[PDB]
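Student: Have a peek at query-v5.tsv (TSV, C-alpha atoms).
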```
chain	number	residue	atom	x	y	z
L	1	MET	CA	96.85	-39.22	32.41
L	2	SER	CA	93.69	-40.03	30.39
L	3	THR	CA	95.44	-39.69	27.01
L	4	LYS	CA	93.13	-40.34	24.04
L	5	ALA	CA	94.41	-40.29	20.44
L	6	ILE	CA	92.82	-40.54	16.99
L	7	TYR	CA	94.70	-42.05	14.03
L	8	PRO	CA	92.79	-40.84	10.92
L	9	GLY	CA	93.23	-42.19	7.38
L	10	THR	CA	91.59	-43.87	4.37
L	11	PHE	CA	93.06	-47.31	5.22
L	12	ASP	CA	92.17	-48.60	1.76
L	13	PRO	CA	93.29	-51.11	2.77
L	14	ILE	CA	95.05	-51.20	6.14
L	15	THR	CA	98.70	-52.35	5.74
L	16	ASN	CA	101.38	-53.78	8.05
L	17	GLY	CA	102.72	-50.20	8.08
L	18	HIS	CA	99.48	-48.90	9.57
L	19	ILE	CA	99.37	-51.78	12.07
L	20	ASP	CA	102.88	-50.86	13.21
L	21	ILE	CA	101.93	-47.18	13.70
L	22	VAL	CA	98.68	-47.88	15.61
L	23	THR	CA	100.40	-50.59	17.68
L	24	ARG	CA	103.11	-48.14	18.82
L	25	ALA	CA	100.48	-45.42	19.46
L	26	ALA	CA	98.42	-47.88	21.51
L	27	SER	CA	101.53	-48.66	23.59
L	28	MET	CA	102.00	-45.02	24.69
L	29	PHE	CA	98.46	-43.58	24.98
L	30	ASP	CA	95.56	-44.84	27.08
L	31	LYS	CA	93.11	-45.14	24.14
L	32	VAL	CA	93.48	-44.95	20.35
L	33	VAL	CA	90.65	-44.60	17.83
L	34	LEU	CA	91.63	-45.82	14.36
L	35	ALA	CA	89.47	-43.30	12.49
L	36	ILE	CA	88.45	-44.29	8.93
L	37	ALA	CA	87.45	-41.44	6.57
L	38	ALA	CA	83.96	-42.20	5.20
L	39	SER	CA	83.80	-39.96	2.13
L	40	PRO	CA	87.38	-39.64	0.78
L	41	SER	CA	87.79	-37.52	-2.38
L	42	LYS	CA	89.46	-40.50	-4.10
L	43	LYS	CA	87.24	-43.49	-4.94
L	44	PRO	CA	88.57	-46.24	-2.60
L	45	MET	CA	88.84	-49.89	-3.69
L	46	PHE	CA	86.93	-50.89	-0.52
L	47	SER	CA	83.73	-49.40	0.92
L	48	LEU	CA	83.66	-47.73	4.36
L	49	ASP	CA	82.02	-50.82	5.91
L	50	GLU	CA	84.57	-53.16	4.27
L	51	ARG	CA	87.45	-50.90	5.40
L	52	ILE	CA	86.09	-50.86	8.98
L	53	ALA	CA	85.62	-54.66	8.94
L	54	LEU	CA	89.20	-55.36	7.77
L	55	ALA	CA	90.69	-52.85	10.22
L	56	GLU	CA	88.69	-54.36	13.10
L	57	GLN	CA	89.96	-57.87	12.37
L	58	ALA	CA	93.55	-56.64	11.97
L	59	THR	CA	93.49	-54.67	15.28
L	60	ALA	CA	91.30	-57.01	17.39
L	61	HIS	CA	94.43	-58.08	19.31
L	62	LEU	CA	94.91	-54.50	20.55
L	63	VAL	CA	92.82	-54.01	23.69
L	64	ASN	CA	92.82	-50.19	23.77
L	65	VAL	CA	92.23	-49.64	20.02
L	66	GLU	CA	88.77	-48.96	18.59
L	67	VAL	CA	87.90	-48.59	14.88
L	68	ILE	CA	85.32	-45.89	13.95
L	69	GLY	CA	84.23	-44.27	10.69
L	70	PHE	CA	83.86	-40.47	10.41
L	71	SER	CA	82.81	-38.06	7.64
L	72	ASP	CA	83.67	-34.65	9.12
L	73	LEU	CA	86.98	-32.79	9.55
L	74	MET	CA	89.41	-34.94	11.56
L	75	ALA	CA	89.62	-31.95	13.91
L	76	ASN	CA	85.87	-32.00	14.61
L	77	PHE	CA	85.86	-35.79	15.06
L	78	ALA	CA	88.71	-35.42	17.55
L	79	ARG	CA	86.60	-32.83	19.48
L	80	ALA	CA	83.58	-35.17	19.49
L	81	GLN	CA	85.75	-38.11	20.63
L	82	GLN	CA	87.37	-35.85	23.27
L	83	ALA	CA	90.77	-36.73	21.79
L	84	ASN	CA	93.69	-34.42	22.69
L	85	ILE	CA	96.16	-36.28	20.43
L	86	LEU	CA	96.29	-36.84	16.66
L	87	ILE	CA	98.55	-39.60	15.26
L	88	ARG	CA	100.23	-39.07	11.88
L	89	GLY	CA	102.62	-41.46	10.14
L	90	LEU	CA	105.78	-39.96	8.57
L	91	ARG	CA	107.12	-42.16	5.75
L	92	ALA	CA	108.98	-39.79	3.40
L	93	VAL	CA	110.28	-36.24	2.97
L	94	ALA	CA	107.82	-35.21	0.23
L	95	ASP	CA	104.87	-35.66	2.61
L	96	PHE	CA	106.47	-33.59	5.40
L	97	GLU	CA	105.44	-30.19	3.97
L	98	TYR	CA	101.82	-31.31	3.68
L	99	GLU	CA	101.92	-32.74	7.23
L	100	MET	CA	103.24	-29.41	8.56
L	101	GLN	CA	100.41	-27.64	6.74
L	102	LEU	CA	97.77	-30.00	8.08
L	103	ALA	CA	99.07	-29.69	11.66
L	104	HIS	CA	99.01	-25.88	11.44
L	105	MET	CA	95.45	-25.94	10.04
L	106	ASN	CA	94.39	-28.47	12.69
L	107	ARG	CA	95.97	-26.19	15.33
L	108	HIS	CA	93.85	-23.37	13.87
L	109	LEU	CA	90.69	-25.52	14.05
L	110	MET	CA	91.33	-27.11	17.46
L	111	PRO	CA	94.23	-25.57	19.47
L	112	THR	CA	94.05	-28.16	22.27
L	113	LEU	CA	94.63	-30.97	19.76
L	114	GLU	CA	98.27	-32.08	19.65
L	115	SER	CA	99.56	-33.66	16.41
L	116	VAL	CA	102.12	-36.40	17.10
L	117	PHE	CA	104.37	-37.89	14.38
L	118	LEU	CA	105.67	-41.49	14.27
L	119	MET	CA	108.05	-43.02	11.74
L	120	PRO	CA	107.40	-46.60	10.48
L	121	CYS	CA	109.66	-49.65	11.06
L	122	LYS	CA	112.38	-49.90	8.36
L	123	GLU	CA	110.41	-52.91	7.06
L	124	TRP	CA	107.44	-50.73	6.01
L	125	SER	CA	109.39	-47.58	5.06
L	126	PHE	CA	108.89	-48.03	1.30
L	127	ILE	CA	105.29	-49.39	1.10
L	128	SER	CA	102.57	-47.05	-0.15
L	129	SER	CA	99.19	-48.88	0.05
L	130	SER	CA	98.75	-47.44	-3.46
L	131	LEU	CA	101.92	-49.12	-4.64
L	132	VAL	CA	100.64	-52.25	-2.89
L	133	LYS	CA	97.31	-52.00	-4.73
L	134	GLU	CA	99.03	-51.17	-8.05
L	135	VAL	CA	101.41	-54.16	-7.76
L	136	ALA	CA	98.50	-56.40	-6.80
L	137	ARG	CA	96.27	-55.13	-9.65
L	138	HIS	CA	98.99	-56.26	-12.11
L	139	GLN	CA	99.35	-59.69	-10.40
L	140	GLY	CA	102.31	-59.33	-7.94
L	141	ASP	CA	103.08	-60.92	-4.52
L	142	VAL	CA	102.09	-58.41	-1.83
L	143	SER	CA	101.59	-61.01	0.95
L	144	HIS	CA	104.47	-59.67	3.07
L	145	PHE	CA	102.88	-56.20	3.28
L	146	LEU	CA	99.31	-57.01	4.38
L	147	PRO	CA	97.58	-58.82	7.27
L	148	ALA	CA	96.36	-62.26	6.16
L	149	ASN	CA	92.69	-61.17	6.31
L	150	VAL	CA	93.40	-58.05	4.22
L	151	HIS	CA	95.44	-60.01	1.66
L	152	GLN	CA	92.55	-62.47	1.17
L	153	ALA	CA	89.99	-59.67	0.72
L	154	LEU	CA	92.28	-57.99	-1.84
L	155	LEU	CA	92.84	-61.19	-3.84
L	156	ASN	CA	89.04	-61.56	-4.03
L	157	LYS	CA	88.62	-57.96	-5.16
L	158	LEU	CA	90.90	-58.52	-8.20
L	159	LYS	CA	88.80	-61.42	-9.58
B	1	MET	CA	99.61	-46.84	31.92
B	2	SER	CA	103.07	-45.29	32.52
B	3	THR	CA	105.18	-43.07	30.21
B	4	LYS	CA	108.62	-41.49	30.72
B	5	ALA	CA	110.24	-39.45	27.92
B	6	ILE	CA	113.61	-37.84	27.32
B	7	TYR	CA	114.03	-34.68	25.25
B	8	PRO	CA	117.76	-34.56	24.37
B	9	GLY	CA	119.61	-31.57	22.93
B	10	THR	CA	122.47	-29.12	23.43
B	11	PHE	CA	120.09	-26.32	24.47
B	12	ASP	CA	122.83	-23.75	23.94
B	13	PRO	CA	120.81	-21.84	24.96
B	14	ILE	CA	117.23	-23.02	25.49
B	15	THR	CA	114.78	-21.04	23.29
B	16	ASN	CA	111.01	-20.44	23.27
B	17	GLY	CA	110.89	-23.21	20.64
B	18	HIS	CA	112.39	-25.74	23.05
B	19	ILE	CA	110.05	-24.60	25.86
B	20	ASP	CA	107.10	-25.08	23.50
B	21	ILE	CA	108.21	-28.63	22.59
B	22	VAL	CA	108.91	-29.78	26.16
B	23	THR	CA	105.63	-28.18	27.34
B	24	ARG	CA	103.67	-30.24	24.83
B	25	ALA	CA	105.67	-33.36	25.67
B	26	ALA	CA	104.95	-32.81	29.38
B	27	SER	CA	101.24	-32.54	28.54
B	28	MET	CA	101.07	-36.04	27.07
B	29	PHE	CA	103.61	-38.13	28.98
B	30	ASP	CA	103.80	-38.77	32.72
B	31	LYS	CA	107.40	-37.58	33.14
B	32	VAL	CA	109.76	-35.72	30.82
B	33	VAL	CA	113.51	-35.33	31.29
B	34	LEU	CA	114.98	-32.37	29.41
B	35	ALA	CA	118.35	-34.01	28.70
B	36	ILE	CA	121.24	-31.59	28.07
B	37	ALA	CA	124.23	-33.07	26.19
B	38	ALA	CA	127.43	-32.41	28.15
B	39	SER	CA	130.09	-32.54	25.46
B	40	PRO	CA	128.55	-31.61	22.11
B	41	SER	CA	131.22	-31.85	19.39
B	42	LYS	CA	130.98	-28.08	18.89
B	43	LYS	CA	132.15	-25.75	21.69
B	44	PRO	CA	128.89	-24.31	23.15
B	45	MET	CA	128.52	-20.64	24.21
B	46	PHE	CA	127.35	-21.74	27.68
B	47	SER	CA	128.83	-24.42	29.95
B	48	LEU	CA	126.80	-27.47	30.93
B	49	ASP	CA	126.14	-26.02	34.40
B	50	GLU	CA	124.96	-22.71	32.86
B	51	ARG	CA	122.79	-24.54	30.29
B	52	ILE	CA	121.25	-26.60	33.12
B	53	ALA	CA	120.65	-23.49	35.22
B	54	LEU	CA	118.89	-21.54	32.40
B	55	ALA	CA	116.74	-24.55	31.37
B	56	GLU	CA	115.74	-25.19	35.01
B	57	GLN	CA	114.52	-21.62	35.50
B	58	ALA	CA	112.69	-21.73	32.13
B	59	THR	CA	110.85	-25.01	32.90
B	60	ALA	CA	110.26	-24.51	36.65
B	61	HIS	CA	106.53	-24.04	35.92
B	62	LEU	CA	106.33	-27.60	34.47
B	63	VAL	CA	105.80	-29.96	37.44
B	64	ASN	CA	106.61	-33.26	35.67
B	65	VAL	CA	109.69	-31.93	33.80
B	66	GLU	CA	113.21	-32.43	35.17
B	67	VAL	CA	116.46	-31.10	33.64
B	68	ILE	CA	119.49	-33.46	33.68
B	69	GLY	CA	122.93	-33.35	32.02
B	70	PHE	CA	124.21	-36.48	30.20
B	71	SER	CA	127.48	-37.39	28.40
B	72	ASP	CA	126.63	-40.78	26.80
B	73	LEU	CA	124.57	-41.73	23.73
B	74	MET	CA	120.99	-40.47	24.16
B	75	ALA	CA	119.92	-44.12	23.71
B	76	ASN	CA	121.99	-45.31	26.70
B	77	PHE	CA	120.82	-42.38	28.86
B	78	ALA	CA	117.26	-43.33	27.95
B	79	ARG	CA	118.00	-46.91	29.14
B	80	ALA	CA	119.49	-45.62	32.40
B	81	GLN	CA	116.49	-43.32	33.03
B	82	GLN	CA	114.05	-46.11	32.08
B	83	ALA	CA	112.63	-43.91	29.36
B	84	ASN	CA	110.51	-45.66	26.73
B	85	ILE	CA	110.01	-42.44	24.71
B	86	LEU	CA	112.38	-40.05	22.91
B	87	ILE	CA	111.20	-36.56	21.97
B	88	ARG	CA	112.53	-34.96	18.80
B	89	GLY	CA	111.58	-31.50	17.55
B	90	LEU	CA	110.96	-31.70	13.81
B	91	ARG	CA	111.04	-28.21	12.29
B	92	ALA	CA	112.75	-28.38	8.89
B	93	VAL	CA	112.24	-30.77	5.94
B	94	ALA	CA	116.04	-30.66	5.50
B	95	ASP	CA	116.55	-32.25	8.93
B	96	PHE	CA	113.91	-34.93	8.29
B	97	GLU	CA	116.31	-37.36	6.57
B	98	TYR	CA	118.79	-37.08	9.46
B	99	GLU	CA	115.99	-37.57	11.99
B	100	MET	CA	114.87	-40.70	10.12
B	101	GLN	CA	118.49	-41.97	10.26
B	102	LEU	CA	118.78	-41.23	13.97
B	103	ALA	CA	115.54	-42.99	14.87
B	104	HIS	CA	116.65	-46.06	12.87
B	105	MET	CA	120.02	-46.07	14.68
B	106	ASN	CA	118.31	-45.47	18.05
B	107	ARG	CA	115.95	-48.37	17.29
B	108	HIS	CA	119.03	-50.51	16.63
B	109	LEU	CA	120.66	-49.46	19.93
B	110	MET	CA	117.47	-49.65	22.03
B	111	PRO	CA	114.42	-51.35	20.40
B	112	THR	CA	112.08	-50.58	23.32
B	113	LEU	CA	112.70	-46.83	22.88
B	114	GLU	CA	110.02	-45.10	20.79
B	115	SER	CA	110.99	-41.93	18.88
B	116	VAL	CA	108.19	-39.33	18.91
B	117	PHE	CA	108.24	-36.25	16.67
B	118	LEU	CA	106.63	-32.88	17.45
B	119	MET	CA	106.44	-29.82	15.19
B	120	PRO	CA	106.91	-26.35	16.75
B	121	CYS	CA	104.24	-23.61	17.09
B	122	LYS	CA	104.23	-21.44	13.89
B	123	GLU	CA	105.78	-18.67	16.03
B	124	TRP	CA	109.03	-20.66	16.50
B	125	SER	CA	109.05	-22.43	13.12
B	126	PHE	CA	112.07	-20.40	11.82
B	127	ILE	CA	114.34	-19.98	14.87
B	128	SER	CA	117.44	-21.91	15.92
B	129	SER	CA	119.90	-21.52	18.81
B	130	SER	CA	122.45	-20.85	16.04
B	131	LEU	CA	120.61	-18.11	14.11
B	132	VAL	CA	119.57	-16.46	17.39
B	133	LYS	CA	123.20	-16.42	18.57
B	134	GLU	CA	124.45	-15.13	15.19
B	135	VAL	CA	121.92	-12.25	15.20
B	136	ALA	CA	122.75	-11.49	18.83
B	137	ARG	CA	126.54	-11.61	18.16
B	138	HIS	CA	126.08	-8.80	15.58
B	139	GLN	CA	123.90	-6.77	18.03
B	140	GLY	CA	120.28	-7.66	16.94
B	141	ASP	CA	117.00	-7.81	18.92
B	142	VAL	CA	116.39	-11.48	19.84
B	143	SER	CA	114.16	-10.77	22.90
B	144	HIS	CA	111.08	-12.35	21.25
B	145	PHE	CA	112.78	-15.76	20.85
B	146	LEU	CA	114.22	-16.40	24.33
B	147	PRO	CA	112.92	-16.58	27.92
B	148	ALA	CA	113.78	-13.37	29.80
B	149	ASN	CA	116.36	-15.16	32.02
B	150	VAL	CA	118.05	-16.65	28.94
B	151	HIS	CA	118.01	-13.32	27.08
B	152	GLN	CA	119.76	-11.55	29.98
B	153	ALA	CA	122.44	-14.25	30.23
B	154	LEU	CA	123.10	-14.00	26.47
B	155	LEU	CA	123.38	-10.19	26.53
B	156	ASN	CA	125.98	-10.48	29.34
B	157	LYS	CA	127.92	-13.12	27.39
B	158	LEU	CA	128.31	-10.77	24.39
B	159	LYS	CA	129.00	-7.50	26.29
```
Write out the structure in this file as structure tokens.
Tutor:
Amino acid sequence: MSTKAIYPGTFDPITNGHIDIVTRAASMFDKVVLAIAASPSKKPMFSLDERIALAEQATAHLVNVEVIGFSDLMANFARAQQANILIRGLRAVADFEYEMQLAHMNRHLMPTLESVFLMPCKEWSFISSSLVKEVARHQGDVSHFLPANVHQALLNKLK
Amino acid sequence: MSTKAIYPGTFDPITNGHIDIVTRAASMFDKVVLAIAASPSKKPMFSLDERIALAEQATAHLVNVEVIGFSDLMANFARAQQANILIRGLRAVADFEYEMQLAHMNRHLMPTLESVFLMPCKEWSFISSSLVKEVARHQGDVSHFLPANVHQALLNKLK
């Protein structure tokens, strides 16, 4: 009943793994905002506008998904968006501790916000989006891991 | 716009941690079945009928939650119940690998079934049916961890 979720991340760039997560989120909640962090601590390969553009194209086929940049705490953005659900992808064990921490902090910041964890398809279990960049930087075939539009934009960035 | 989840487990017995998980599940999905495994491999302290009774009482305040026994694979029961969502409590990093395995198997058995992972409230982050029972078996105060009705039943089982 009127479920609204945010799916925050850097999405530098968005990968088939992300698409899978947001697709499955969009299948179980009424609305999903794919929230792109504006000022990440790490210098991203793509600008906020570029990242939004690529994500938009890659998720245009999802009716109930909307891309939006944000610069605040993901907890504050969720409050502004009147989201009661926070989507987090769970790839590996190492990340689990951090994700527990973040959920407990987010509970502290906004107790009505519910963190929800999804695992990726086996296909995308071992892709990193930093391993994808790194492989691409040193001239490898990453076509299987990215949406066509994203792959093109990445090829251009390495010239 | 329609969501039906199962939350499978042995629930021998149901704890505050379980109640917390199913409560949060019930807040974000239209219907939630608290599915109690009939014949766990291990011999449970309480019978299926007892485990149903205690869980019923302890979830009677949740309108859209229904307790049901099952004896098949959780993936088949989900198919029977027309569940598209499977709730898993994800407390320990140790259990994460197993949970990843299970979701991959459950995706094999029923591809339309979406595994969803929730982390407990900090308060219940360290409790298990097993450690509660063990403490209680050697005469310790477990009142904080169990619904009153469950606590009473457990005291009687050990006296």
Student: With a distance threshold of 12 Å and counting only C-alpha atoms, extract the residues of chain B near chain L and express them as a PyMOL selection string.
Tutor: chain B and resi 1-5+20-21+23-31+64+83-108+111-123+125
Student: Here's a test: counting only C-alpha atoms, identify every protein, DNA and RNA residue with an atom at most 10 Å from (94.6, -59.8, 0.0) in the file's coordinate frame, and state them as a PyMOL selection string.
Tutor: chain L and resi 13+133+136+141-143+145-158
Student: Between L:12, L:128, L:109, L:32, which residue has the minimum interatomic distance to residue 74 in chain L, considering only C-alpha atoms?
Tutor: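 That would be L:109, the residue with the smallest distance to residue 74 in chain L.
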Student: Determine, counting only C-alpha atoms, which protein, DNA and RNA residues have an atom within 9 Å of an atom of range 51-55 of chain B; residues of the same chain fewer than 3 positions away are not included. Present the result as a VMD selection string.
Tutor: chain B and resid 10 to 14 19 34 36 46 to 48 58 to 60 67 to 69 147 149 to 150 153
Student: Give me, please, the distance in Å between CA of residue 79 in chain L and CA of residue 6 in chain L, quoted to one decimal.
Tutor: 10.2 Å
Student: Between CA of residue 73 in chain B and CA of residue 38 in chain B, what is the distance, to one decimal in Å?
Tutor: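 Straight-line distance from CA of residue 73 in chain B to CA of residue 38 in chain B works out to 10.7 Å.
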Student: Take CA of residue 61 in chain B and CA of residue 37 in chain B and report the distance between them in Å, one decimal.
Tutor: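 A separation of 22.1 Å between them.
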Student: Please determine, counting only C-alpha atoms, which residue among L:137, L:43, L:8, L:144 has the shortest atom-to-atom distance to residue 159 in chain L.
Tutor: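 Comparing L:137, L:43, L:8, L:144 against residue 159 in chain L, the winner is L:137.
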